[PDB]
Structure formats: structure tokens, C-alpha cells
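In: Begin with these chain(s), straight out of the complex:
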Amino acid sequence: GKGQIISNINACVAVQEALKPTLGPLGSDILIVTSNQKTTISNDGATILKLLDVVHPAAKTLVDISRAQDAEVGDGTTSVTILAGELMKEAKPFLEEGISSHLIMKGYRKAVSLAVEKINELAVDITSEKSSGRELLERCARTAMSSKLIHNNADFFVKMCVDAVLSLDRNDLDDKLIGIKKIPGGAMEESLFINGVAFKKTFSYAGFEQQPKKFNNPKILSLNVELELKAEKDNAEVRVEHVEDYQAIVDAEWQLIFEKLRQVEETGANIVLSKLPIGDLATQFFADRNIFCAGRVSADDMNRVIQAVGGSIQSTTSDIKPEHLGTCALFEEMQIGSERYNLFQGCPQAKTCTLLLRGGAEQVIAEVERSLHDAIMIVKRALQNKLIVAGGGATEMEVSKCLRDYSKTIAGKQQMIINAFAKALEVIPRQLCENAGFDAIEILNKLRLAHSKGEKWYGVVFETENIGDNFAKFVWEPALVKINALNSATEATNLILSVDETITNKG
Amino acid sequence: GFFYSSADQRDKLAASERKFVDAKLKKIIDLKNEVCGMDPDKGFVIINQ
């Protein structure tokens, strides 16, 4: 019935209402408690919405468009969900007057056809004009870091952000290739950029304080099996019928382990990585041979080592082939972070890197970790996609303007539908002002004044509350966001409004 | 059991047991042509269960 359609609209508002404060870099965050009890806090709407798992069917539609927003684009997962549900909120009083929902859904796609042609007119292709290689990455990095506690220390952070994307191929860039490890303690401006991967310094075993901190060209070897004799947890039960065979079996177990130990000694691999803990027998034998070994290596950390030096892991120490070994340029273990951490540096074949951060608390670094991801996604889409448009509400206010004039030239019911479509676009700039604390009454009214004077580039200043141009504020967004958002929001809105009945089978 | 040295020898062992069935099969196809073989409107159907 007609009440089922209205009930499905209000069900999407409750999900949309939670995602409203998450719009914008300064917006509020949602606190979700997973069934596993692990608590995660992030401003990215993708991971947030994936943790809801709402049983309501229309809420799943917002999840499908969120995965495509994170896959094809990766940015704007919050705005695509708010815009998809905003059209249903404004269409609620339209259904009470007797207007069928089909003409309402058909009227949305009529404005999208004019919106696609509008994005192409607002898309400006510029690369080397009035810019350069370094000046492009430097000016755009300080914009995402604005209105943050790192704004004063952003001078050192931009230099590390430019060299991060230059260490990887410019044709294919991935944000997951740059790792970030939270290091508690220390100053935030003392962090450095690393080409390789670093470890957590988990070693509790004696023998520390003796090690050279500088290697020339060490050999890296990955072993999939543990090598130990007497561990600190389990034991070994040896029962034989002879008294003289007690020490023989104990010495036999020592020779079986020493077998695989001397095989690496003949290979001469200075670096040994293993996902399993290493006993005290191998660590003591490798001390005199100047061989370093690291036990309990993480799976995600060792997988990046394969792409670093170009080697591979082998099960045993016997059949290891020479191409599985690898060598870096320099190996240095410094005191950065009030703890000694070993890391690889200078790998020419490394397809991944790691960016270390420092701070007084791990939660403060997490706010910086998610802030650096926003600057990477801007550079990620600035390379492959050459069309750049003015973001931060600039383009959003332009799409609503022109569609208001097209309604007067289109007779029929499409006049009020397109006018309502342009009015529904005002939620994006509004919520941005409501999150940061700006007044939505004055700013939205003062912005519409100069916006009709013929200049289409007027944005919203995120630093000091005022009307202005995002071109001078260096707020840029790729044209793929505006194209994919309007197509995903229209398809999600037309799908929910087309459902007049909710059928749920139990069993 | 059937022991074959080559793949072509196995076909002779499989046809050896079928030869007992083929011996009774030749008498069936020959009975149709023996009585009204060339006469029109004549056929044969196998109802074997």
C-alpha cells in the first residue's frame, strides 16, 4: 500500500541521519560496536556503513552504491548516501497529494541528463599550465591539512607527502601501498618517510644490546618453518629403553635443528624472516655469525617484502634457489619513537612503502592517519583523470542553479520536480556548514547572491567562515566523483521508491 | 580379469565378451531380411527390457 512506501522512506532517513554529521573532514564520527567487540573510529563512510548490517531491505541499497563508490572512485562515500536519500525525503509530501511516484522517479533522470552535460562544461583540463610537478603536489597538500592540529607542523609533512607518491608509478597508484604504523610517544614533527617496511620490536629475549646498526648489502631470506630446540612454553618427552640413549636423542634433536641452521650459513643470508617464533638456539648461534633473524613476522608485512626485493619465501632451507634472496641499499635501526626499530631503505624494486608517524597518543595519530588518506586520494585521481572540477560545494551549488532556470522552460509536472531536485541539492553545502559550526541561514543566503552574477567558481571557505572561491583555496575534486555520485544516487533513489511491498520470508 | 598390454589390445578383450552378445545380435538383424526383407512396409522394433 501507499503506507509501505512512506514507511520505507522514513527507514532510510534514520540511516541517512547518522551519516549526515560524517560529511566533511571536520564532521562528527560514528561510534560502532562490532559483534567481535573491537571498537573502530573513522570518518570514512565506506567502512562505517559496512558495519551496520541493517536488516531493512532498502538500507542494503545504500550499501551497494557505497561499495561502487569506494571501488571505482574511493572518495565521497558519505555524500553519495546522503544525496540518494535526500530525494526521497523531499518527495514525501508529493505522494500525499496524489502524485504517482513514477513521474517523480522519471523526473529525476530528466535533470540528470542535463547534469551530465553540465559536468563536461565545468570540467577544466589543466596540467602544466601555471603549475609544475612539485608546486602541484605542495599546494594541494596544505589544503587537506588545514583546520587541523598539524597545520603548524605541516611544513615538514608536505615534503614527505610529495616524495611518497613519487616513489611509486604515476600511471598506477594505490593508497594501500603506503603503510602507516602508529608509534606512541615523541614529537609529531620528527617523523620520517621510509621506502621499505618496519617491524614492531616484539623481542623479549636476552641477547639484545649487541648488534651493528649499519649493513652494506645484506641478503634477505624468508623461511616458512620455525627452527627451535627448547622453547619457553612446550617441552619434549623422550622415553627409550636404554639409559645411554637419553642424551643421544637430546643430541639428535639438536643435530636435526642444526642441519637446517648450517644450510642458511652456507647460503650467507644476513636477514631471516619467519612468521613463527624462533627459539633461543638459533638466536645464539646466529650471533657469532653476524646473522640477523626476526620471528613472528606478520603476514601482511612479509607479503610486502616479496614485492620489495623481488624475492620469495621457501618452505625448507635445502632447496632454496638463488633468486629467492634479496638485497636492499641500506639497513639502519634508529631510536626514532623512543624505541629501536629496524627497517629496510633504498629498495629500487619496492612496489610499496611505509610512512611512520609519531605522537603523544595513538588516537591522535589515527586522526592524522585518516587525514593523510584524503590527500592521497586527491593525487590518486589527479593523475589518471585529467578533468578537475572545483569541489567543496562549488560545483554542487552550480548544478542546482542552472536546473532552476530549466524548469521554467519545461512545461508540465517536470517543472516542480526539477525545482525540487535542485532544492534537494542544497543539503550538501548546508550540512558542511552545520558540521563545522557555521550558520546555515546566513551563509547559504549570502552565497546565492554572487552565485547568480555569472561566476560559476564560487565555493565555500573551510578555514574562516565567509563566501569565497575554492580556486584560491586550492580545494579540488576530480570530475569522476560528480559523475558517479549523480548516477549512483539516482539509481538508488529510483530503486527504493519502486518498492511498494516488503516481503520477508522466515525459516 | 582383462589384462591388456596396449590400448588397442583392450578393445579386443572388450569385444570378446560382447562377441557373445554380438553372436545373438547377428541373428536378430538377419531375421528381418530373411522374411520380407525387400518387401515394402516392413520394420523391426526392439522391445527388450
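Out: Cool, got the structure. Numbering: from 1, shown residues only, chains lettered A, B, ... in the order given.

In: neighbours of residue 7, just the number please.
Out: Went with chain A since none was named. Around residue A:7 there are 13 other residues, counting by other C-beta atoms under 10 Å in any protein chain shown. C-beta coordinates here come from the backbone N, C-alpha and C atoms, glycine included.

In: Chain B was what I was after
Out: Residue B:7: 7 neighbours (other C-beta under 10 Å).

In: Could you do residue A:3 as well?
Out: 7.

In: next one: phi and psi at the residue nearest the centre of chain A?
Out: Among the residues of chain A, the one closest to the centroid is residue A:373, at 5.5 Å (C-alpha atoms, centre = their mean). With angles defined as degrees, to the nearest 10, residue A:373 sits at phi -70, psi -30.

In: quick one: it and residue A:175 touch, right?
Out: Yes - assessed by C-beta atoms under 8 Å, residue A:373 is found in contact with residue A:175 at 6.1 Å.

In: for residue A:110, what are its contacts?
Out: Residues counted as contacts of residue A:110 (C-beta atoms under 8 Å, 6 or more residues apart in numbering or on different chains) are A:410, A:414, A:417-418.

In: Would you double-check that it falls in a helix?
Out: Yes - with DSSP: H, G, I helix; E, B strand; the rest coil as the criterion, residue A:110 is assigned to a helix.

In: separation between it and residue A:428?
Out: Noted for residue A:110: a distance of 20 Å to residue A:428, by C-beta to C-beta, to the nearest Å.

In: before we move on, what about residue A:68?
Out: According to C-beta to C-beta, residue A:68 stands 19 Å off from residue A:428.

In: More neighbours: which of these two?
Out: residue A:428 (22 against 15).

In: Go ahead and confirm that one touches residue A:396.
Out: Yes - contact criterion C-beta under 8 Å: residue A:428 and residue A:396 qualify, at 4.8 Å.

In: related to what we said a few turns ago, filter the contacts of residue A:110 down to the buried ones, PyMOL style.
Out: Here is the PyMOL command that selects the buried residues among these (16 or more other C-beta atoms under 10 Å in any protein chain shown):
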select buried, chain A and resi 414+417+418
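
In: So which of the contacts of residue A:110 belong to helices?
Out: Here DSSP state H is the test, and the contacts of residue A:110 give A:414, A:417-418 as lying in helices.

In: all helices for chain B, in order.
Out: B:7-34.

In: Okay, residue A:29 and residue A:270: tell me how far apart.
Out: To residue A:270, residue A:29 is 45 Å away according to C-beta to C-beta.

In: When the two are compared, which one has more neighbours?
Out: residue A:270 (20 against 14).

In: Residue A:124 touches residue A:456, doesn't it?
Out: No - assessed by C-beta under 8 Å, residue A:124 is found out of contact with residue A:456, at 10.8 Å.

In: Check the burial of the closest residue to residue A:57 other than its chain neighbours by counting its neighbours.
Out: In space, residue A:57 comes closest to residue A:502 once its chain neighbours are excluded; the distance is 6.2 Å by C-beta to C-beta, 6 or more residues apart in numbering or on different chains. Residue A:502 has 13 neighbours, counted by other C-beta under 10 Å.

In: contacting residues for residue A:502?
Out: Counting by C-beta under 8 Å, 6+ apart, residue A:502 makes contact with A:4, A:8, A:57.

In: again with residue A:290
Out: Residue A:290 touches A:212, A:270, counting by C-beta under 8 Å, 6+ apart.

In: does it sit in a helix or strand, and which one?
Out: Using DSSP states H and E, residue A:290 sits in no helix or strand.

In: slot chain C in:
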Amino acid sequence: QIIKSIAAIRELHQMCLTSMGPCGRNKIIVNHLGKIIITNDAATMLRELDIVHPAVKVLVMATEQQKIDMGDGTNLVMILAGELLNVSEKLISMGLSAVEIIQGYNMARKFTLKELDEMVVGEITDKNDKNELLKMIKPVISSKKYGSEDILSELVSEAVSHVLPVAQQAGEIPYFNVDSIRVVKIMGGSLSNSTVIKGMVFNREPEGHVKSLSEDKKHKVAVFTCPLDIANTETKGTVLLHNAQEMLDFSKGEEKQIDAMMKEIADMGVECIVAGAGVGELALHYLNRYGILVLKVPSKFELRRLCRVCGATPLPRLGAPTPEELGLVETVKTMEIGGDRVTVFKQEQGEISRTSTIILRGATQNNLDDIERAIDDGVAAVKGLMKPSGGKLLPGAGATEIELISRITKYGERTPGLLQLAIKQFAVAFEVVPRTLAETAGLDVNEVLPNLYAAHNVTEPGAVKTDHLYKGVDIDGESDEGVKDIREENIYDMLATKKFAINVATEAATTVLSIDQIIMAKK
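Out: Time to bring in chain C:
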């Protein structure tokens, strides 16, 4: 109880009122297994729902009757039979017994089916041309997926024409198997990059070291049912382990035998070996050095359709490469579809194939999954064209419905007796079809209805209307005024679907009126 049974059907009747038509509504179906699906076709919804009430079971069992012998009319039999019970409510409250009501529909059914033969306009020549298939398939894609009607028209019509051979005036040899047309979907891309290729499409990866074969035509294909392994004895032949000395002979023994078996097989000239079972590790390394493409097909259903295309036959044994049973293929390569590289099967201008596969691409799997069900229903629409008057057609989109009403009312005054009340109510029940398209499209119902009767009722010097019989029920979506002719876009329903849907819905409606009481007892 008959009136109460209609009220329960009326709730189900309103479900199909939002189904039929391109402007209709889609219903979400949440299975008990935790899977949320949505589809336009109502026959799928009835399968996932448990049917209990006896009057509802009649329409559900009649819906399955529409699934066989045709792929269209699922929403036609439900709406038509549902309205016949609604218009019969005025006869029940008037005091007319349901016995004469059933007899009245039987007299009107014979008059309706006889007139459908005289209302035919065109006839399909069964030319199997690409342009001729666009007329039948285009309206079938409509009412299910919107916006893909023009896009999927060229994709479906080209794939069906490849399966249909070249013949004329021959009805003895059957053809058009259902499984011959397979529809697969790949996430990513769009429908613009979709093409039509002749052959089967496999989603498995090329585990062999040979990614693609050469460009030489007529490559031999060997389909082996028995897995690759050393030849054993059909009687017993169980491998047992006794001492460590025999362990070295097991690895070295199978090394020379497997290499010798694949040798003579690969020397026969066959460049493709299809193994329907698991492939060993040692046997895979031997075929890779000889340039032999290894393709595993664990599904036994795909091997049956391959026999009618390439010509190869599955062999239950291993080591007997019979050249008479080998097939031929011009090109076997591995193409990347949606990011994944899979080995396909195709041919060019030779060895005509009765089995084809449509490759689809889309960003959202939800709406893309409904495209597969829309094409499968479009393939079944080709079955409507047969020798026993299959090429006959009638104008759709409410054109035939309203036009038939004026002809039925003429037979009412010509038939004396109490049957006049049943004939009049039989024609009024056809007004639900135009109202369904007019209400779901957002247009005013009170505006469209008088414009329809004004077009179908004209004054001409004669007893047979000539100039325009083509006035339909149009979905406008335009600015001011005006409609379209059925002949313009060639959107119509075939006679085989309409004649079968009306005949079943008539008996299904009279069946509900026959049961005035229900009795339930322990079996």
C-alpha cells in the same frame, strides 16, 4: 465464502497490478536463507512464497502452466483471472447463481478465441533475419528492464539468429533447445562493450601453461571423461604400499607411463584436451611442453552441448585418441572479461553451432542479475513462433483489449437469454489492462479512458473499420499532448501468448467460483 475468497485474491490481485508494464513496481523478496533478491516477474515470487489458501493455489498452479510452452503472460493470467472474479461480485450480490456465471464465460470464451483469428494483422515469415527478430524481442524486453530495451535488442536478436539454422517449409526436424542459449554476467563495465560471439563461454582460468592456441583453423579437441593418471586394470588393481623399496618404483613408474601415454595422444595431432575430471600434477607438466591447451570442465552439463558444436565425444577411458571422435575449432584463446582472463570458445564462418552464449557486463550486479532473467524470458518468446500458426500476431499495449470489447458487446445483443448479463460483464473486465498502464505511468486515469474509446469508435461508410486499427494505450511521459501508433515502435504481443493466457485465465477464474466450501481433515 466466494466473496470472502475474492477479498483474499484481491490482495494478491493488487500485487500484480504494479507488476505488468514498464512503469510498474518491483517487489523485494527476502529469502529465509538471508539473501535479498528483487525481480519483476511474479512467477518467481510465487515460488519463494508458500501458497496455502485453496483459491490462491488455483492461480499459482495456473501460473506454472504459463511458464511452460511460453515465457510471457505471467502477469497476464494473474490480472485477467483476478478481474473476472471482481466483476462477478455484482452478479453474486444480485442473486445470480455461480453455475450460470461459469456457463456464461464458456460461451464468451469460444466467441473470443474465434475472433482472435480474424483480428490478426501481420504474420511472421520466419525469415530469421536480424531486423525481423527486433520486432518480436523488443516488446518482450519491455515491462521488465527499463532503458535496456534498445540496447539489448541487438544483443539478443543476434544471438538467437546464430542458433536458428537456414531452412524453409520444413516442420519435421525440431530445433531451438532451451539450454542452447546461455546468459552469463560479469561485474564491471557496461552494456556498450557487450558483443555477440558464436560459442560457449567458460569462466574457469587457463591453468595450463598455454594461454592461447595458434591462428590455424580446425584445431582438434579431445574430451576425456576419465581423469589423467596411469593406466590401471578394470578388475581390482588397487595400489598398495609394502616396503620403502617399492616407493621409489611408484614415482618413477608413473613418471614414464604418464609421459608415454600423453606422447602418443599428442602425436595424433590434437592440440586441445578437455578433462572432465581432476588433472594430475605430473600429467599437466607433460602437455604444457608439447603445446597442448589443458581445459578442465567439471560440469557434465557443459560437455553435452559441446558435442553438437565442436563434434567431440566424451571417452570413458583414457589412452585411446580416436581421430573419428575428435572435433574441430578454428580459434581458442583467452580474453580478459571484467578484469579476469578466461579461456573462451568461438569460431568464424564454419562448423555451424547450435549453442551460443551471451556475454554481459555491468557495474551493479543487482540490476544486472534481472537482465539475465529478462533475456531468458526473451529467449522463450522465440518459442512462440512455430509451424501451427505461430507467426500470427496482434497489436499490444491495450490496442487489442479495448478493440475486443466493442466486438463482444455486439455478440451480446445477438444472443438471447440470460447470457447477456455474462457477456456484458465479460467485456468490462478487460478495462483493467489499460487502467494498469495508465495508473502506473502517473497519467490521469480519467483523461486516458475517454480518449481510448473515442479512437476505437469511429463512423465509417461500412461495417469494417479500415484506416486505423492500430490505436493503443500509450505511455506518454511527454509535455503536452499526443500519442504514438503501435506500428511506429513495433511493440506488440504475439497471438500465441494472448490466446494461451486468456484460455487458462478463463478456466482458472471459473474454477474458483465452483468451490463454495472447503473441508480440511487429517490425512
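
In: The neighbour count of residue A:7 again please, this time with chain C.
Out: 13.

In: quick one: it and residue A:92, what's the gap?
Out: 11 Å.

In: Residue A:186 now?
Out: 53 Å.

In: who has more neighbours, those two?
Out: Applying other C-beta under 10 Å to residue A:186 and residue A:92 shows that residue A:186 carries more neighbours, namely 17 against 13.

In: residues in contact with that one?
Out: Contacts of residue A:186 (C-beta under 8 Å, 6+ apart): A:336-338, A:358-360.

In: do residue C:84 as well
Out: Residues near residue C:84 by C-beta under 8 Å, 6+ apart: C:105, C:426, C:429, C:505-506, C:509-510.

In: Return the residues of chain C in contact with chain A.
Out: Residues of chain C lying close to chain A by C-beta under 8 Å from any C-beta of the partner chain are C:15, C:18, C:23, C:25-32, C:36, C:38, C:45, C:48-49, C:363-364, C:366-367, C:439-442, C:477-480.

In: switch to 6 Å and redo it
Out: C:18, C:23, C:25-32, C:36, C:442, C:479 (C-beta under 6 Å from any C-beta of the partner chain).

In: Can you turn the buried part of these into a ChimeraX selection?
Out: Remark: buried members of those, expressed as a ChimeraX selection using 16+ other C-beta under 10 Å:
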select /C:18,23,25,26,27,28,29,30,36,442
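
In: Among the residues of chain C next to chain A, name the ones in helices.
Out: Among the residues of chain C next to chain A, no member falls in helices (DSSP H).

In: Just flag the most distant two among the residues of chain C next to chain A.
Out: C:32 and C:479 (47.3 Å; C-beta to C-beta).

In: Counting by contacts, list what the helix or strand encompassing residue C:403 packs against.
Out: Assigned by DSSP H and E, residue C:403 belongs to helix C:399-414. In terms of contacts (3 or more C-beta pairs under 6 Å, 6 or more residues apart in numbering or on different chains; DSSP states H and E), helix C:399-414 is packed against helix C:419-428, helix C:445-456.

In: Repeat the analysis, applying 8 Å as the threshold.
Out: In terms of contact count using 3 or more C-beta pairs under 8 Å, 6 or more residues apart in numbering or on different chains; DSSP states H and E, helix C:399-414 is assigned the packing partners helix C:98-118, helix C:419-428, helix C:432-440, helix C:445-456.

In: among those, which is the most enclosed?
Out: Mean neighbour counts were compared across those using mean count of other C-beta atoms under 10 Å in any protein chain shown; the top stretch is helix C:432-440, at a mean of 21.

In: ok, the residue of chain B found nearest chain A - contacts?
Out: Using C-beta to the nearest C-beta, the closest approach of chain B to chain A is made by residue B:7 at 37.1 Å. When contacts are counted by C-beta under 8 Å, 6+ apart, residue B:7 touches C:231, C:319-320.

In: So which of these wins on neighbours?
Out: Neighbour max across the contacts of residue B:7 (other C-beta under 10 Å) = residue C:319, 20 neighbours.

In: Spit out the contact partners of that residue.
Out: Residue C:319 neighbours (C-beta under 8 Å, 6+ apart): B:7, C:231, C:261, C:264-265.

In: Check the burial of the closest residue in space to residue C:228 that isn't next to it in sequence by counting its neighbours.
Out: Nearest non-adjacent residue to residue C:228, counting by C-beta to C-beta, 6+ apart: residue C:283, 3.7 Å away. Counted with other C-beta under 10 Å, the neighbours of residue C:283 add up to 21.
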